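K.L.:
Structure provided below as structure tokens; questions to follow.
Virtual Cβ from ideal backbone geometry, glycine too; neighbours counted across all protein chains shown. Computed from the coordinates by the stated procedures, all read-outs in this text should not be read as laboratory data.
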Amino acid sequence: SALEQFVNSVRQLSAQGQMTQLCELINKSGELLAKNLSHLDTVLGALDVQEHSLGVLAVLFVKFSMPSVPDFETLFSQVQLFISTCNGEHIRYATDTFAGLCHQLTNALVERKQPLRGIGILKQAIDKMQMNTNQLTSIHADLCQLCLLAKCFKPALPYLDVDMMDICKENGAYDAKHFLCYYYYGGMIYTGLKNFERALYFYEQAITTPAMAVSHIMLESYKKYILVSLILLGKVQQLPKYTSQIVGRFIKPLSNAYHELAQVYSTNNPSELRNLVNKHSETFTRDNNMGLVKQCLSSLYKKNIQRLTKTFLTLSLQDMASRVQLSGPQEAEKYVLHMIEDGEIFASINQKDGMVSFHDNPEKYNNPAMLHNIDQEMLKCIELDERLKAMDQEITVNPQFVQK
Amino acid sequence: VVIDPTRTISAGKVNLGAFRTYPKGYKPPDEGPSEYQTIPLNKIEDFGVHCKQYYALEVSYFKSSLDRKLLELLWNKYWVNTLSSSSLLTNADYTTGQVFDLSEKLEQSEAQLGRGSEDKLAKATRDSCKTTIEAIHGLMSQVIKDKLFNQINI
Amino acid sequence: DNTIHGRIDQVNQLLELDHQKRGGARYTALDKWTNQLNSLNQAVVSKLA
Amino acid sequence: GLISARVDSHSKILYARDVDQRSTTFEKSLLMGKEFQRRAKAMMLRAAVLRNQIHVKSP
Amino acid sequence: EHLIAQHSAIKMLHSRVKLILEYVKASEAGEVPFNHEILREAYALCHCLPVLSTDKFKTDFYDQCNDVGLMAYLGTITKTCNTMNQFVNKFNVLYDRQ
Amino acid sequence: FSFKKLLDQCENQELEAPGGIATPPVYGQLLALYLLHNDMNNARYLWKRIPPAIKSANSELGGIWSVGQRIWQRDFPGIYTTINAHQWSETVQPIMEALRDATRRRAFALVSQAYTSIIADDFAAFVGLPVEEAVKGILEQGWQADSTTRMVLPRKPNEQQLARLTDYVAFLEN
């Protein structure tokens, strides 16, 4: 039996070194035509935990159609058990079949329309594949896609709050698709959680990927970057200097309605903004970014009210709800109350005279709290510089960086 | 002999240098240590041009027996001024001038980076480090004074 | 004509003369340093490509 | 333009506005520091992707 | 160096205050003739602490601390910019094909 | 304290799940805990991903989402008149009581910080209690009030220092 020979060879190679030959043997596939792989799977999990079986599991999953009989539940339980108990850096010797199996599992879950069983799977399938917590793997894209298809945005926050600094080569593969998918779905998650300060950063990171062809991901990432910039700031932030020249010749003309919206969001006219919004309603709902343009429309009024603080000290409510076109002293009062509650503005309301007083005098910088804030900023900068020097010395002692 | 009464106060150590020049037409054979000295932009050309025509002697100080006895007797009453110094207030115009000079040097370094003596960014960084270290020393002295005197609530 | 250094308070019918001087040179120097640091950081980042 | 003042439309009085330098410089310096840190992180990621040779191909 | 100077002066202060505390404790327990002027002066000295615990002083002290903190922040940013420039130069030399 | 741990436990139980679907009691507890902590986005997304079968089977989720919608609209009278419309048995009652107390405290803080002259009826509507006892109880808190105009006047309310400096100096000098 050839399968028995393969299992025996795996047993001898395990707990004996010769990892290059072990990987070569596990890459020697195509002879797994027999469909009785279950018993050969359940013989070596106890010995030397699970540095193996990845091969058999990927072969069980690659079928692309009707994979593992009505025992798909048993296959899923086998996969989750292997991912949980495999442990060790041993599997890192073959860290491309791991990503492939995770991709197959994610695609199967998406097709089955239960994208919540896997959120816990490609969360333990990350800490045992990445070298350190600052390394981007191709499973980050899968986890973001799963926790975005299922509306569970909290599990991905620990894996989005980190600043990626090394990218796993994954023994070949790892095209730009995974990079764009991660840095776009993270931005989508942050936008859903109303963190525009970092949604903008993620969208910019997706946009500035070195490219020479138009990708569907970068189009509807430039489009969302424009809107998130219009919401967070008052203007479309200028893209970095090292952005690829492709975006300035095709992406910009392809995304035109958003550029008209940005241009109209420069002369403060809520009526004109609403007119353009409901004129291009078909486009804005076909691109699926509807409910963000409404956020831009709602933010225009708040921007105008904030601008009212740069000239005025005390303004009547009825008079104020005539420059921002809010059509009502009660509506203006509720807008001011919401803005004060959210902390966007510094003002007080007087109902006896119906007048809003703008203070705009938050604080003086003479507090231990401000001292602590500056201390934290300095600590972050010090850590940044230390990492810069640490990664500089590696280039310094590089033999290739001795001839030149 | 050249003295720096402002840098003396700022750094807490005397800035005194004794120099002697070379005869006309004499070319000294290398042997240039050339320790770094911060010098403003408006006075850097003269220092660069006239730098190999003089050398710095090694300076040491001495005192007599009565002077030593009197100084060791005087310290017993002079230790107060060390604990009541407050060096962060007496030197503020100097720090402002240093920051102005450093900003100008940073502008020149950025211009060199944009364009196409060597690595002015390193010199600007050293100047900024010196100024900031002096400021932090001045602050930590006051922190020590506060810990000593203001916290011993009866 | 810049012969009297002060400003008139019309509501209370008085005039207040500026006699207090603060150390604005330090803050002007800090502003210049911040602007130069911003420009230098932008250039250094844009160098890599 | 050149007028630095704030209107008071209750009593209809224009008050001159004097800006304190200390708070303004503190605010601008902190903003510049935040921008610098964000740019440094972004370019660190850019260096990582450039070293790893990630780019979009025609197919 | 800075801390060493401050240390010498604080050491002198400690010596003196400890000798005074000893005299006072020795006088209280009973080892030396009871002196009233010295004890009254010791009480007056003990009543002089803390020195300047007022709100205006606290505000001025925190002003100074925050000013030095901002200067240190700017210096740290400058040093990090220099290190960044060196790293960018080395990366450009290594990973570029000319 | 007693609610943060419960929220974490419910989140973990939902995440593990017997196949993605959690029991309706856990769903209700999680939704009400999200409402309590003012995590409006999390509650909004939690309601969106609840299966329609669970929505139809249990009717208390409808009332819980009614409370959530009243909180989302920032309509305090709606919150107070919708909280006191249904009940359960010890599963959501303590946390709904805590939510009511939190809403009261938040309304008090908001009125104190964003008002200098508020009509007594509006203040009573904001706080939740009817007018008489609220106007009676503001004075004992120090808030000025006056009759015949009912215009309440809210009133607006280490040895390691050397270590950090030494660290900064050691970094700068290197």
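K.L.:
Can you tell which of E:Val51, E:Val93, E:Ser27 lies farthest toward the positive end of the dipole of chain E, using +1 and -1 charges on the Cβ of basic and acidic side chains (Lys, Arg; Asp, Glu)?
P.N.:
Sorting the options by dipole projection puts first E:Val93.
K.L.:
Still on this structure: Distance between Cα centroids, the stretch A:269-318 to the stretch F:42-104: provide it in whole Å.
P.N.:
31 Å
K.L.:
Divide the volume of the convex hull of the Cα atoms of the stretch A:51-174 by its number of residues and quote the answer in cubic angstrom per residue.
P.N.:
Values: hull volume 12.1 nm³, N = 124.
With only Cα atoms used, the stretch A:51-174 gives 97 Å³ per residue.
K.L.:
Can you pull the semi-axes for the stretch F:13-152, root of five times each eigenvalue of the Cα gyration tensor, sorted largest first, whole Å? Please report the intermediate quantities before stating the final value.
P.N.:
Details: eigenvalues 267, 35, 29 Å².
The three semi-axes for the stretch F:13-152 are 37, 13, 12 Å.
K.L.:
Now for a different question. May I ask for the Rg/Rh ratio of the stretch B:1-145, computed from Cα atoms with Rh as the Kirkwood radius, given to two decimals? Could you put the intermediate results ahead of the total?
P.N.:
Details: Rg = 19.8 Å, Rh = 18.8 Å.
Across the stretch B:1-145, the Cα-based Rg/Rh ratio is 1.05.
K.L.:
I would also like to ask the following. Can you list the chymotrypsin sites (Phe, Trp or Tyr not before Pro) in the stretch E:1-96 that are in a DSSP coil and have 11 or fewer other beta carbons within 10 angstrom? Numbers along the way, then the final one.
P.N.:
Numbers: sites: E:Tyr23, E:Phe34, E:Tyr43, E:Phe57, E:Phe61, E:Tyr62, E:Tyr73, E:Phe87, E:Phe91, E:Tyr95; in loops: E:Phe34, E:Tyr95.
When the chymotrypsin sites (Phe, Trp or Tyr not before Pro) of the stretch E:1-96 are filtered for loop state and at most 11 Cβ neighbours within 10 Å, E:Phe34 remain.
K.L.:
Still on this structure: Specify the inter-centroid distance of the stretch E:1-76 and the stretch A:189-245, based on alpha-carbon positions, in whole Å.
P.N.:
58 Å
K.L.:
May I pose another question? How large is the dipole of the stretch A:308-362 about the Cα centre if only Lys and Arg carry +1 and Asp and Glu carry -1, each at its Cβ, rounded to the nearest 20 debye? Walk me through the intermediate numbers first.
P.N.:
Details: 4 positive and 8 negative charges, 32 e Å.
Its charge dipole is roughly 160 debye.
K.L.:
Where in the stretch F:67-94 does the amide nitrogen come within less than 11 Å of the point 7 Å from the Cα of F:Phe3, taken along Cα to Cβ?
P.N.:
Residues F:94 fall inside that zone.
K.L.:
Using a 10 Å cut-off on Cβ atoms, rank the peptides E:44-55, C:2-13, B:75-86, A:219-230 from the highest mean neighbour count down.
P.N.:
On the way: E:44-55: 10.5, C:2-13: 8.7, B:75-86: 12.5, A:219-230: 22.8.
Those peptides, ordered most packed to least, come out A:219-230, B:75-86, E:44-55, C:2-13.
K.L.:
Would you calculate the convex hull of the Cα atoms in the stretch A:308-362 and tell me its volume per residue in Å³?
P.N.:
Values: hull volume 4.1 nm³, N = 55.
It is 74 Å³ per residue.
K.L.:
Sticking with this one: In the stretch F:1-97, which GluC sites (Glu not before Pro) are in a loop and have at most 10 other Cβ atoms within 10 Å, using DSSP for the loop call? List each step's numbers first, then the result.
P.N.:
Details: sites: F:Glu11, F:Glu14, F:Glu16, F:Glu60, F:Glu90, F:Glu97; in loops: F:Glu90.
In loop regions of the stretch F:1-97 (DSSP not H, G, I, E or B), the sparsely surrounded GluC sites (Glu not before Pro) are F:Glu90.
K.L.:
Using Cα atoms only, what is the angle between the long axis of helix A:139-149 and the major principal axis of chain A, expressed in degrees (0 to 90) to the nearest 10?
P.N.:
The answer is roughly 50 degrees.
K.L.:
Rounded to the nearest 20 debye, what is the charge dipole size of the protein assembly as shown about its Cα centre when +1 sits on each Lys and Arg Cβ and -1 on each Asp and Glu Cβ?
P.N.:
Numbers: 102 positive and 100 negative charges, 337 e Å.
So the dipole magnitude of the protein assembly as shown works out to roughly 1620 debye.
K.L.:
When only C-alpha pairs under 8 Å and at least 6 residues apart count, what is the relative contact order of chain A, in percent? Each step should come with its number before you reach the end.
P.N.:
Values: 351 pairs, mean separation 29.0, N = 404.
Relative contact order comes out at 7 percent.
K.L.:
Taking the Cα-to-Cβ direction at A:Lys177 and at E:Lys18 and moving 7 Å from each Cα, how far apart do the two end points lie in nm?
P.N.:
So the label points at A:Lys177 and E:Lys18 sit 7.6 nm apart.
K.L.:
Net charge around A:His259, counting only other residues with Cβ within less than 12 Å of its Cβ (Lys, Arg = +1; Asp, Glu = -1)?
P.N.:
On the way: positive: A:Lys223, A:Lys252; negative: A:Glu260.
Charge balance near A:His259 sits at +1.
K.L.:
Now a separate question. Could you work out how far helix C:24-47 tilts from the main Cα principal axis of chain C, as a 0 to 90 degree angle to the nearest 10?
P.N.:
20 degrees
K.L.:
If you take the beta carbon distance between B:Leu71 and B:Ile44 as r and set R0 to 56 Å, what does 1/(1 + (r/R0)^6) give as a FRET efficiency, to the nearest 0.05? Don't skip to the answer; put the middle values down first.
P.N.:
Details: r = 39 Å, r/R0 = 0.70.
With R0 = 56 Å, the Cβ-Cβ based efficiency is 0.90.
K.L.:
Show that you can apply the helix-only estimate: for chain F, add -39,500 (n - 2.57) for every DSSP H stretch of four or more residues, divide by all residues, and state [θ] at 222 nm to the nearest 500.
P.N.:
Working: 10 runs with 114 residues, N = 174.
My calculation for chain F gives -20000 deg cm²/dmol from helical runs alone.
K.L.:
Between A:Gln12 and D:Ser58, take the C-beta separation as r, use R0 = 45 Å, and let me know the FRET efficiency to the nearest 0.05. Please report the intermediate quantities before stating the final value.
P.N.:
On the way: r = 46 Å, r/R0 = 1.02.
That gives a FRET efficiency of 0.50.
K.L.:
Work out how much length A:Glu24 to A:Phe401 would gain on full extension: take 0.36 nm times their residue separation and subtract the Cα-Cα distance, in nm to one decimal.
P.N.:
Working: separation 377, 0.36 × 377 = 135.72 nm, distance 3.24 nm.
Extra length from A:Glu24 to A:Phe401 when fully extended: 132.5 nm.
K.L.:
How many partner chain Cβ atoms sit within 10 Å of a residue's Cβ in peptide A:51-63, on average, as a whole number? Display every interim value, and only then the final one.
P.N.:
Numbers: counts 0, 0, 0, 0, 0, 0, 0, 0, 0, 0, 0, 0, 0.
Mean partner shielding for this stretch: 0.
K.L.:
Treating cross-link reach as a plain straight distance, find the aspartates and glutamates whose alpha-carbon is under 19 Å from the alpha-carbon of A:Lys151, omitting any fewer than eight places away in the same chain.
P.N.:
Partners found: A:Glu111, A:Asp142, A:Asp161, F:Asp8, F:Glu11, F:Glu14, F:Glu16, F:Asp39.
K.L.:
If you don't mind, there's one more thing I want to ask. Using the Cα centre as the reference, give the magnitude of the dipole from point charges on the C-beta atoms of the stretch A:51-174 (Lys, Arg: +1; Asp, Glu: -1; all else neutral), rounded to the nearest 20 debye. Walk me through the numbers on the way to the answer.
P.N.:
Numbers: 10 positive and 12 negative charges, 79 e Å.
Dipole of the stretch A:51-174, to the nearest 20 debye: 380 debye.
K.L.:
Also, I was wondering about something else. Stick to Cα atoms and the Kirkwood definition of Rh, then tell me Rg/Rh for chain C.
P.N.:
Working: Rg = 20.9 Å, Rh = 14.9 Å.
Result for chain C is an Rg/Rh of 1.40.
K.L.:
Next question, about the same structure. Top mean-square fluctuation among A:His90, A:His140, A:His216, Gaussian network model of chain A, C-alpha springs under 10 Å?
P.N.:
Between A:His90, A:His140, A:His216, it is A:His216 that shows the largest mean-square fluctuation.
K.L.:
OK, next. What's the average, rounded to a whole number, of partner chain beta-carbon atoms within 10 Å of each residue's beta-carbon in D:13-25? Numbers along the way, then the final one.
P.N.:
Values: counts 4, 2, 3, 2, 4, 1, 0, 5, 9, 13, 6, 2, 12.
Mean shielding count: 5.
K.L.:
Can you give the Kirkwood hydrodynamic radius for the protein assembly as shown, in Å, rounded to one decimal and based on Cα pairs?
P.N.:
This gives a value of 34.7 Å.
K.L.:
When only C-alpha pairs under 8 Å and at least 6 residues apart count, what is the relative contact order of the stretch A:175-307, in percent?
P.N.:
21 percent.
K.L.:
Based on alpha-carbon positions alone, could you give the equivalent ellipsoid semi-axes of the stretch D:1-41 from the gyration tensor, as √(5λ), descending, whole Å?
P.N.:
Numbers: eigenvalues 240, 22, 15 Å².
With the √(5λ) rule applied to the stretch D:1-41, the semi-axes are 35, 11, 9 Å.
K.L.:
Say the cut-off is 22 Å between C-alpha atoms; which of F:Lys4/F:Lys156; A:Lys294/D:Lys34; B:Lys43/B:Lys123 go over it?
P.N.:
Numbers: F:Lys4/F:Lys156 30 Å; A:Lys294/D:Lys34 29 Å; B:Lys43/B:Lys123 15 Å.
Pairs exceeding 22 Å: F:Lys4/F:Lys156; A:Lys294/D:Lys34.
K.L.:
Something else: In square nanometres and to one decimal, what's the mean projected area of the convex hull around the Cα atoms of the stretch A:318-404? The partial results should precede the final answer.
P.N.:
Numbers: hull surface 45.6 nm².
If you wrap the Cα atoms of the stretch A:318-404 in a convex hull and average its projections, you get 11.4 nm².
K.L.:
If a paramagnetic tag sat 7 Å from the Cα of B:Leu89 along the Cα-Cβ line, which residues of the stretch E:39-63 would have the backbone N under 12 Å from that point?
P.N.:
So the set is E:57, E:60-61.
K.L.:
To make sure I understand the rule: partners must be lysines, Cα under 19 Å from the Cα of B:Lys63, and not fewer than 8 residues away in the same chain. Which ones qualify?
P.N.:
Answer for B:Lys63, where 19 Å is the Cα cut-off: B:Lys13, listed by chain and number.
K.L.:
Taking the alpha-carbon set of chain A, what are its Rg and Dmax in Å?
P.N.:
Computed over the Cα atoms of chain A, radius of gyration and Dmax are 27.8, 94 Å.
K.L.:
Can you return the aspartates and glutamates within cross-link range of A:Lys303? Criterion is Cα-Cα under 18 Å, with same-chain partners fewer than 8 residues away left out.
P.N.:
Reachable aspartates and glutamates: A:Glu197, A:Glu272, A:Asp319, A:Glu331, A:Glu333, A:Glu341, A:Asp342, A:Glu344, A:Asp360.
K.L.:
Hey, how many Å between the Cα centroid of the stretch F:21-37 and the Cα centroid of the stretch A:64-117?
P.N.:
The distance from the Cα centre of the stretch F:21-37 to that of the stretch A:64-117 comes to 29 Å.
K.L.:
While we're on this one: Let me have the relative contact order for the stretch A:51-174, percent, based on Cα pairs under 8 Å that are six or more residues apart. Mind showing how you got there, number by number?
P.N.:
Numbers: 114 pairs, mean separation 31.8, N = 124.
Relative CO of the stretch A:51-174 lands at 26 percent.
K.L.:
Which of A:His259, A:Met188, A:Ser215 sits farthest toward the positive end of the charge dipole of the stretch A:175-307, with +1 on the Cβ of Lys and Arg and -1 on the Cβ of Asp and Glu?
P.N.:
Comparing the listed Cα positions along the dipole, A:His259 ranks first.
K.L.:
Quick one: A:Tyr365, A:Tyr203, fewest Cβ neighbours within 10 Å first, how do they rank?
P.N.:
Values: A:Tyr365 21, A:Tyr203 28.
Listed from fewest to most nearby Cβ atoms, that is A:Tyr365, A:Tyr203.
K.L.:
So what does the Cα-only Debye profile of the stretch A:194-349 read at q = 0.08, 0.12, 0.16 Å⁻¹, as log10 I(q)/I(0), no solvent term?
P.N.:
Cα-only, vacuum Debye calculation for the stretch A:194-349: -0.28, -0.59, -0.93.
K.L.:
Show me the ranking of peptides A:7-16, A:128-137 by mean Cβ neighbours inside 10 Å, starting with the highest. Write down the numbers at each step before the final one.
P.N.:
Values: A:7-16: 14.5, A:128-137: 17.2.
Going by the mean number of other Cβ atoms within 10 Å, highest first, we get A:128-137, A:7-16.
K.L.:
Give the calculated FRET efficiency between B:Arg126 and A:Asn275 to the nearest 0.05, with a Förster radius of 60 Å applied to their Cβ-Cβ distance.
P.N.:
0.50
K.L.:
Using packing as a proxy for protection, rank A:314-324, A:272-282, A:50-60 so that the peptide with the highest average count of other Cβ atoms within 10 Å comes first. If you can, show how the numbers build up before the last one.
P.N.:
On the way: A:314-324: 18.5, A:272-282: 14.4, A:50-60: 21.2.
Highest to lowest by the protection proxy: A:50-60, A:314-324, A:272-282.
K.L.:
Give me a single rounded figure for B:142-150: the average over its residues of other chain Cβ atoms within 10 Å of their Cβ.
P.N.:
Numbers: counts 4, 8, 8, 3, 7, 5, 6, 6, 8.
Shielding by partners across B:142-150 averages 6.
K.L.:
Next question. Going down the table (A:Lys224/D:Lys28; A:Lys223/C:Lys47; A:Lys154/A:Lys177; A:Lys241/A:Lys364; A:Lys389/B:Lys145), which pairs top 30 Å between alpha carbons? The partial results should precede the final answer.
P.N.:
Details: A:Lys224/D:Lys28 28 Å; A:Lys223/C:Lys47 28 Å; A:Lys154/A:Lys177 24 Å; A:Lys241/A:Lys364 36 Å; A:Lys389/B:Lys145 36 Å.
From the list (A:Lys224/D:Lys28; A:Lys223/C:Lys47; A:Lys154/A:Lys177; A:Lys241/A:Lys364; A:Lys389/B:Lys145), the Cα-Cα distance tops 30 Å for A:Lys241/A:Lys364; A:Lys389/B:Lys145.
K.L.:
Also, quick follow-up: Suppose we take every Cα in the stretch A:1-50 and form the convex hull; what volume per residue is that in Å³? Mind dumping the intermediate values first?
P.N.:
On the way: hull volume 3.8 nm³, N = 50.
Dividing the Cα hull volume of the stretch A:1-50 by its residue count gives 76 Å³.
K.L.:
On full extension of the chain, what length is gained from A:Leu37 through A:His216, given 0.36 nm per residue of separation minus the C-alpha to C-alpha distance?
P.N.:
Numbers: separation 179, 0.36 × 179 = 64.44 nm, distance 4.00 nm.
Using 0.36 nm per residue and subtracting the Cα-Cα distance, I get 60.4 nm.
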